[PDB]
Amino acid sequence: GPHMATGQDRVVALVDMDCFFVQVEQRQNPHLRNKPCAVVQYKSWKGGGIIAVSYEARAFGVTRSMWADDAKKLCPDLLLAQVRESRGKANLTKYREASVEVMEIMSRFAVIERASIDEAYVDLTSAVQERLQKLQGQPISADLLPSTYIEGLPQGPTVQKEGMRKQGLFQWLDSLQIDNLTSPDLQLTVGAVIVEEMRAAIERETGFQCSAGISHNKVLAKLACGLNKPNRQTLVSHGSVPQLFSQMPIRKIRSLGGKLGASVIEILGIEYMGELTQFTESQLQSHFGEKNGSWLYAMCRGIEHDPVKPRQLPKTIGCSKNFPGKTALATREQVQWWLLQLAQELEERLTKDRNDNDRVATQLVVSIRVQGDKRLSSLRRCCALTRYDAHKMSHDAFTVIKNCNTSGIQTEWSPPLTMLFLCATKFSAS
DNA sequence: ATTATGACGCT
DNA sequence: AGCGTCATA
Ligand SMILES: [Mn+2]
Ligand SMILES: [Mn+2]
Ligand SMILES: [Mn+2]
């Protein structure tokens, strides 16, 4: 009774950009605006690989990881923007810099956790308490929530979609008790008001639109965010969880999209998140381990405790390139040339990072893939990173991998390399 | 022959 | 440490 924890202590939001790289290119090139559009890397192999798709183009069935030539079969008028190439490789700097624009705006409202190049979590608990004390028991007007959906509403005793959003919002606000400054539903609502303000600032100041989710933890906020994309935000209350989860495939929850989620389904013979509630914590721990078991037990009830980490900057800076099919590197001079190309991009990004962020990387990780190996990475080795010098870094990288060559004579490289990776890690203040 | 990343868990 | 898992454009 009075003692069951309900995972309602925090207000957490996740803000995620809409079709992010496409918006970055559409801002730069107005001819791409309001069009079926995609962003592609490379060109020669099957038109290049698509990595971002406008919502107009999704309507034709265009997706990420589609070759452009195949996307064009679905959408003949599809417009394309190409990722920059520098030093023989795709260079993502434009999108990393656009990301910083957005992250710096979000940071004006709260400490954020950068979770990808286009999204961040926000713990709004404190900001909500202050807006509530300002409010002075003042009801929250629907006009303060112009792009908010309330998940699960409307319900009970118009065929438009905006009409439905407003009906749900009205039912939600009508049920609220604004008299209680400790009420979780009220706290989420005020959180949503703040996130409207945040999203308006992002669009005003960058031209980019985004979606958001507001809930009591990161997993629910992430799930919420996707429910009404694009250019909308969604509030998932604690009370909405049993209905939401009763038909929610397990794989849709963050961390459960891979082998663990598949094992949950197979071992327990279930399909939906809600079905997990019928197992004891010990049962779940027995199948999935102590940590996963406790996490699942709480998660299926809408409860999760992972903190929003105060980290706005990536903690690693890496450069990677695949060499697929017949382009695999087979000579020493080839390997050394590409290690240098990667190291030069790495130096450029590291030197900028040092100036911007007052830190220095201290470890260099070198990774390669060899032909035949299914695994992402075949080998991973570290060495010291003592100077931001591309020639030193590439020479050092070569030194750490040079023994991988099964060749008898030194000039050939075998088995051929299908991936090179350089990553700077272990930052210290400077 | 999607690729280019980036965080965190295990032992 | 090195490997594996899961994730995002
Ligand atoms: Mn996005
Ligand atoms: Mn995202
Ligand atoms: Mn995506």
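What you see below is based on every heavy atom in this structure, not just the backbone, and it leaves out hydrogens, waters and symmetry mates. Lettering of chains follows the sequences in order, A, B, ..., and the numbering in each one begins at 1.
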Please tell me if [X] has a side-chain N or O lying less than 4.0 Å from either OP1 or OP2 of [N].
| X | N | answer |
| --- | --- | --- |
| A:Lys309 | B:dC8 | yes |
| A:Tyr42 | B:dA4 | yes |
| A:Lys291 | B:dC10 | no |
| A:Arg96 | B:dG6 | yes |
| A:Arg254 | C:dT5 | no |
| A:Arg64 | C:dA9 | yes |
| A:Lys222 | C:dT8 | yes |
| A:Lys321 | B:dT2 | no |
| A:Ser377 | C:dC3 | no |
| A:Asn322 | B:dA1 | no |

Starting the side chain at C-beta, find the nucleotide from [options] nearest to [X].
| X | options | value |
| --- | --- | --- |
| A:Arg375 | C:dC3, B:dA4, B:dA1 | C:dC3 |
| A:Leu376 | B:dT2, B:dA7, C:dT5 | C:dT5 |
| A:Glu119 | C:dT8, B:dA7, B:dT2 | C:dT8 |
| A:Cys319 | B:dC8, B:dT5, C:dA1 | B:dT5 |
| A:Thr327 | B:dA4, B:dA7, B:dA1 | B:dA1 |

Completion exercise
Sorted by position of nearest nucleotide on DNA chain B, 5' first, the leading residue of A:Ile51 and A:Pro314 is A:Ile51
Problem - First of A:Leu342 and A:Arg380 reached from the 5' end of DNA chain B, by closest nucleotide - result: A:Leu342
Calculate the interatomic distance between [X] atom [atom1] and [N] atom [atom2]; express it in whole Å.
| X | N | atom1 | atom2 | value |
| --- | --- | --- | --- | --- |
| A:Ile253 | C:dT8 | CD1 | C1' | 17 Å |
| A:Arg311 | B:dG6 | CZ | P | 12 Å |
| A:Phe21 | C:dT8 | CZ | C1' | 9 Å |
| A:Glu290 | B:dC10 | CD | P | 10 Å |
| A:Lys259 | C:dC3 | NZ | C1' | 12 Å |
| A:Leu420 | B:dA4 | CG | P | 11 Å |
| A:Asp306 | C:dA7 | CG | P | 14 Å |
| A:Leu364 | C:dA1 | CG | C1' | 15 Å |

When all nucleic acid strands are considered with a 4.0 Å heavy-atom cut-off, which category describes [X]: base, sugar-phosphate, or nothing?
| X | result |
| --- | --- |
| A:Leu260 | sugar-phosphate |
| A:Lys46 | nothing |
| A:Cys423 | nothing |
| A:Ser116 | sugar-phosphate |

Practice task
For C:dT8 versus B:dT2, give the span between their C1' atoms, rounded off to a whole number of Å.
Solution key: 14 Å
Practice task
State which residue, out of A:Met17, A:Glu101, A:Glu197, fulfils the side-chain contact (heavy atoms from CB on, under 4.5 Å) condition with A:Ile202.
Solution key: A:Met17
Practice task
Determine, answering yes or no, if A:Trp45 is stacked on B:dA1 under the 5.5 Å centre rule and the 30° plane rule.
Solution key: yes
Ion pair present between [X] and [Y], side-chain N to carboxylate O less than 4.0 angstrom?
| X | Y | answer |
| --- | --- | --- |
| A:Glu348 | A:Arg87 | yes |
| A:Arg387 | A:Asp389 | no |
| A:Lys73 | A:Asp69 | no |
| A:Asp353 | A:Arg349 | no |

Problem - Distance flag, aromatic centroids of A:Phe288 and A:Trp295, threshold under 6.0 Å - result: no
Exercise for the section: Using the ring of A:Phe60 (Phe, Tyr or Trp, six-membered ring only), decide whether A:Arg58 places NZ or CZ under 6.0 Å from its centre and within 45 degrees of its axis. Expected result: no
